[PDB]
Amino acid sequence: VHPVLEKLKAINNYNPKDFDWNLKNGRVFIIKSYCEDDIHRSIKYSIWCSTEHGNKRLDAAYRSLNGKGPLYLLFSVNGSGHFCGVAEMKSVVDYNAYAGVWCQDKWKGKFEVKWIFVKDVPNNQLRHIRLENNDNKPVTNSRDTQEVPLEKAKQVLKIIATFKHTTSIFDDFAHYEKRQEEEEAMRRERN
């Protein structure tokens, strides 16, 4: 286990056993990430960034929720065929600061997150749940920042929370540490 990840696991409480999936209120959105690298950076730095369109949608929902319930984010890397975890949105969107940690280097802005679940859940465990707000297409064919209606979100979160996973993005944390070192070395060589 890479020492950087060991410390993150020590300071956090990933994959809790008492998560309340029977949401009484709050709101739930799908996050469709470009790349595994972004998940690694988000876990390390507890920030996320979507496109300009996606950031505005998440900011508006977080602000309208007014702290009365949680806003959860269900993450899936594009092309992967699975979800890779769940985080809670923990701040308003900052539209002006570049985070400098995404595969899409051009993205401006960020918001704070708290990672709760970090676990791979195959799409075949969720594809039967359809979203009445996306003309009843499966939740697994959603685009980035698609909202999951509350009752469907309870079903999805129950499956994610209880799934006996075998793999997660933590498995090759060492690879992404090395990629970050190289990404940073490349920027230093430019300067």
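Residues numbered from 1 in each chain as written, not as in the entry; some residues may be left out. Heavy atoms only, no water. Residues with missing side-chain atoms left out of burial classes, pairs and counts.

Its PDB header attributes the entry to X-ray crystallography and lists the resolution as 1.20 Å.

Going by the PDB entry, the protein carries the name YTH domain-containing family protein 3 and comes from Homo sapiens.

1. Quick word on the packing of helix 2 (residues 36–45) against helix 5 (residues 173–190)
Helix 5 packs onto helix 2 with a crossing angle of 90° between their chain directions and a minimal axis gap of 10 Å. Classified by the angle between their axes, helix 2 and helix 5 sit roughly perpendicular to one another. Each of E36, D37, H40, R41, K44 and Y45 in helix 2 lies in contact with helix 5, whose residues at this interface are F173, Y176, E177, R179, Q180 and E183. Counted by class, the contact of helix 2 with helix 5 contains three nonpolar, two polar and seven charged residues. (Axes fitted to C-alpha atoms, helices over the stretch in contact; angles between N-to-C directions. Helix = DSSP H or I, 4+ residues; strand = E, 2+ residues; numbered from the N terminus. Parallel < 35°, antiparallel > 145°, perpendicular 65-115°, else oblique. Contact = heavy atoms within 4.5 Å. Nonpolar A, V, L, I, M, F, W, Y, C, P; charged D, E, K, R; others polar.)

2. With respect to the packing of aromatic side chains
Overall, the coordinates contain seven aromatic pairs when judged by the stated rule. Summarising the aromatic geometry, the rings of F19 and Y72 are spaced 5.3 Å apart at their centres and angled 65° between planes, so their arrangement reads as edge-to-face. You can see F19 sitting in the loop between helix 1 (3–11) and strand 1 (27–33) and its partner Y72 sitting in strand 3 (residues 71–77), a full 53 residues away along the chain. Taking relative accessible area as the criterion, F19 reaches 11% and is therefore assigned buried. Among the aromatic residues, ring-to-ring pairing joins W48, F75, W102 and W115 into one connected group. (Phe/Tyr/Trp six-rings, centres within 6.5 Å; stacked < 30°, edge-to-face > 60°. Buried < 20%, exposed > 50% of the residue type's maximum accessible area, 1.4 Å probe, protein only.)

3. Description of empty space enclosed by the protein
If you add up the space inside the largest cavity, you get close to 50 Å³. A per-class count over the lining of the largest cavity returns three nonpolar, four polar and one charged. Surrounding the second largest cavity, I31, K32, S33, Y34, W48, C49, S50, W107 and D144 form its lining. Per-element accounting of the lining of the second largest cavity gives the leading share, three residues, to strand 1. Here the residues of the lining of the second largest cavity are counted per class, giving five nonpolar, two polar and two charged. (1 Å grid on protein atoms, 1.4 Å probe; cavity = no way out; pocket = protein on both sides within 12 Å on 5 of 7 lines; lining within 4 Å. Points joined across faces, edges and corners; volume = space filled by probe spheres on them.)

4. Observations regarding the layout of surface pockets
Computed from the structure, the largest pocket encloses a volume of approximately 230 Å³. Lining the largest pocket we find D37, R41, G100, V101, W102, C103, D105, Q180, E183, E184, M186 and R187. The element that contributes the greatest number of residues to the lining of the largest pocket is helix 5, accounting for five residues. Among the residues making up the lining of the largest pocket, the classes are represented as four nonpolar, two polar and six charged. Empty space within the second largest pocket amounts to approximately 190 Å³. Looking at the second largest pocket, the residues that line it are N12, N13, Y14, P16, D18, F19, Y72, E88, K114, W115 and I116.

5. Remarks on helix 2
Burial analysis of helix 2 places seven of its ten residues in the buried class, the great majority of the element. Those residues of helix 2 that sit buried are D38, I39, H40, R41, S42, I43 and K44.

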